[PDB]
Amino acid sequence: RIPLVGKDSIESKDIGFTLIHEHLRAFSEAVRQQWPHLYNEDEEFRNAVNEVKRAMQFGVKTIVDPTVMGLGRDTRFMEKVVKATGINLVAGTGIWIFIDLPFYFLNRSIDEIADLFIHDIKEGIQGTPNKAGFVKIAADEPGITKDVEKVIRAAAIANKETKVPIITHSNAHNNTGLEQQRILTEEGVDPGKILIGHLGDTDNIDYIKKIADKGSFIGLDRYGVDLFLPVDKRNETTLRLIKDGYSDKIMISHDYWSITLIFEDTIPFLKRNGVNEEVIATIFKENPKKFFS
């Protein structure tokens, strides 16, 4: 029921321990095509493989990679790492923009954009048989611009036609997440199929709860990126939200400084502060299972 990169599908029950938001590799499609002398596919590949290998050491079974248009999605690269590690990797479709769309989308309808997403879900991605397993959309400081709203509505339509869930990028300080959730549910999207991301960058604990209360997963997913909020402020927001019994809605990731910083810092901090392996299992196993259920 969940498509995978270079494997057969899996039942949502078998997803296992999951990191819900990690980037194997991410870049601007335009910058790379026009100046490859700034990149190297040799170092990029090895670091992907070894980081994943470590992640499999610590017990990570499944990785969800929300690299889409605007972030350099390459399914050929993804089927490489799957070959070299055997990891369960979920790829998605969608559009990552903050203001306007590429000039190609001038005079194109929302149903024209959803077709692209529905194409990646039903037929495959970039020619390969790898199919999308979720849609990814984004909003930030500019808030909900009109092209950003076109993208949100194109995701709601793909969700209703394929029932794959939606991951969002948002800005924690300007209400974009709540607006994403408001527009998506209005269009019929089940709240439980929505992950509002990048809420770790805030401490307005009542804003986070307002999103969780409406039935969507909340993203505490920017560890290691210590330029937004220090980790030991993130770990207290997480713990606070866990002490209030919100672990059924909490989702934690790195947004990738390494892809094991949670096993080194986050999880050990939490287990020292009370949370049993039930809470840890709710966040990294059961919540991903409902999200793809």
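A residue's number is simply how far along the shown sequence it sits, counting from 1.
Coordinates are lacking for 10 or more deposited residues between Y256 and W257. In this entry, 216 to 224 shows the higher mean Cα temperature factor of the pair 111 to 119 and 216 to 224.
Note on 197 to 205 vs 182 to 190: mean CA B-factor is higher in 197 to 205. Out of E264, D248, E29, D65, it is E264 whose C-alpha atom has the highest B-factor in the PDB entry. Highest C-alpha temperature factor among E161, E149, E79, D140, as the PDB entry reports it: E79. Compared with the other modelled residues of the chain, the Cα B-factor recorded for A156 ranks in the middle third. Per the PDB record, residue ranking by Cα B-factor puts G124 in the middle third of the chain. Ranked within its chain, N273 lands in the highest third, by CA B factor from the PDB record. Ranked by Cα temperature factor within the chain, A172 sits in the middle third according to the deposited record.
Split the chain's modelled residues into thirds by C-alpha temperature factor. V231 is in the highest one.
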